[PDB]
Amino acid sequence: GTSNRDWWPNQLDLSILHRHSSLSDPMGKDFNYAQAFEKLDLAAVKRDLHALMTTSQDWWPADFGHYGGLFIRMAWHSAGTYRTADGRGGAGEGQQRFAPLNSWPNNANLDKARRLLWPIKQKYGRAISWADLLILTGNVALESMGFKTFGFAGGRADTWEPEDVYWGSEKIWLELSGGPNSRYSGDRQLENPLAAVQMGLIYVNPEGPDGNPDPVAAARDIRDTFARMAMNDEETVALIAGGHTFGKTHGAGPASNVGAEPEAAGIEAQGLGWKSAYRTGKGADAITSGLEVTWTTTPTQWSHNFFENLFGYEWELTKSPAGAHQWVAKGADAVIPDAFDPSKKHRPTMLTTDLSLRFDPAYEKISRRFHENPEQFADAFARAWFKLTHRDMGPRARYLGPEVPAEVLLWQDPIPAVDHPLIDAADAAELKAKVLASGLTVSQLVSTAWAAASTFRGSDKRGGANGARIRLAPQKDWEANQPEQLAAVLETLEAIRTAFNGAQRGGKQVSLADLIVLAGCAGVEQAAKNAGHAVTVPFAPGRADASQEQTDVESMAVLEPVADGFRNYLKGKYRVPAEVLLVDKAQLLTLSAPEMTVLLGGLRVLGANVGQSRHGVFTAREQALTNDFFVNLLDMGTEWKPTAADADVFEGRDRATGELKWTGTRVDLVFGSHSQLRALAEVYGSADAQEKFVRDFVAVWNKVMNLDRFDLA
């Protein structure tokens, strides 16, 4: 069946904006997972999970009688797809159970792990999501094996179809670098937004870069990929050595024995894959990665044995039974237990990437400190495990249940508690009047609130106007935010704030975070007034101001908009067409195609463009809220051509006279080109639509203002 994608493989795909509709969701439209989870008996779930750890099933027998290692790996793979560049991946949507992640080579036999959990999932039903359960099970595994965790939050609602994520362009699983779709270029520079070294891996190749077993060069890949998942050196050593304190790898025979991954397997396999022809195909004969390493003398108990072995032996390069590169301890006794035969013992072994923790000079210093101070290792690993598994969950207001850690961590982009009465409707009206009386323009007010609110991304629920981080480093200096204009707006707003707060009795005060948004609302109201419409824009107080010390400047860098079609902004020249970057931004902002359409058309006529560019400002009444963008865009009296100077900028001229009427970018003119976006533009550009446009604009404006407002959820 030949499809539109076949005929026109480069046409913009909007269906990413209409994923996760009410159609595909089995739960009713009013289902509220937070309310279901809050009533769950989490303690009972945890008792069932503890019991599961040593309830071995014959179709996938437990190594050492204990599934803990398998489940820690499962939870670490669930979280381990996360990329800081876009916030996509991570554990927060339970995407491990869908394509393609359910079938990535690095997730082999995690289909078994998830299936072991079906009886518990089934028992508790909608009160615990798969997404939460995968993480909880990892926690319980740790606790079962003697490791005290830092805590756990519930609240990850299940999703019902695959997320659309760019995982790379390679057409071959696990393809080594330098191919026609190479994710590397230059001096081993991995293309953004990717955070793995090969298609179908979590972070790095356990044999070494492109399979070459050099622990020092492996360390460079580890550092880069882990940093692209928001982890620093200390967290990275703590995680890898913490994890490999438990369990084992599986490589008992050649990988050619292993059959189709789950999405390719026959229907009779009932959702499982990697069926193996090697001996029993499971247990002592299991094949997963192809490596055959067991790190510690007590693989089912927390210990300090990982760093004792790493430093205590010298290492020799050898091959697993499947042919993979791994290491064995020179001259060692057979001290490591076998997973099934009490009469067998094995020498200590390690992966290339384990040796990285010793032979990279910066990791060596950390590893040595953890070896000498095992309590530092345990605390670091607990904290890093919590971060790993919660990094995409968003603000602390989303965290549910009785095990939430009280300690507030820098990586959570924390927001101070509000300890005072909030402004009411009369106050908001007074503040809006003061804002409009100050002389701040519609363009200033709309631009500033847009800049504050539109840093939100739904992928990891970071960003948004809560916190007033626009006034701090680094947001105050982002090019998109027009740093000099921004400073003048903020100065004026802070004066208004100080005067209002100084006049209050009791402890009533307004945050700058709230006032920035309320001021934007006033701008939109004034713009509607300019166009002859009487509009009140909703506003919900309760944001607080974060401090600079509560704002990690390095971690904030990934939120910088280098492309924001809603402000007709592109920081540089990119491979990806600007319209593709627009749809990508709309998806991060959780907008549908209609919402994207209405919002962009309104922003253009309100003066939200960066640099006061005329591109796409298709109105003779700037700073009035009208549907002029759509009416003028769709006027067939105007003919469009790319400029001689810049093929990505277009001139619209009167067809009869040749007079210049407008200029526009690709982001502007895509709404007149793409057949689905033009259909939407037509609705808003029709003679009966001025009021619909205004109302739909106010709604999407308010949606964007409230994207991070989980304190209201």
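Residues carry their position along the shown sequence, with the first being 1.
- Mean C-alpha B-factor is higher over 374-382 than over the other stretch, the pair under comparison being 129-137 and 374-382.
- Taking the mean C-alpha B-factor of each stretch as recorded, 150-158 and 565-573 are not equal, and the higher mean is that of 565-573.
- The PDB entry assigns its highest CA temperature factor, among 635, 214, 628, 460, to 214.
- Between the residues 66, 46, 39, 678, the entry's highest C-alpha temperature factor is the one at 39.
- Among all modelled residues in this chain, the alpha-carbon of residue 449 has a temperature factor (C-alpha) in the lowest third.
- Compared with the other modelled residues of the chain, the Cα B-factor recorded for residue 666 ranks in the middle third.
- Residue 418: CA B factor lies in the highest third for its chain, per the PDB record.
- Residue-level temperature factors show residue 330 in the highest third of its chain, judged at the C-alpha atom.
- In the deposited entry, the Cα temperature factor of residue 361 sits in the top third of values across the chain's modelled residues.
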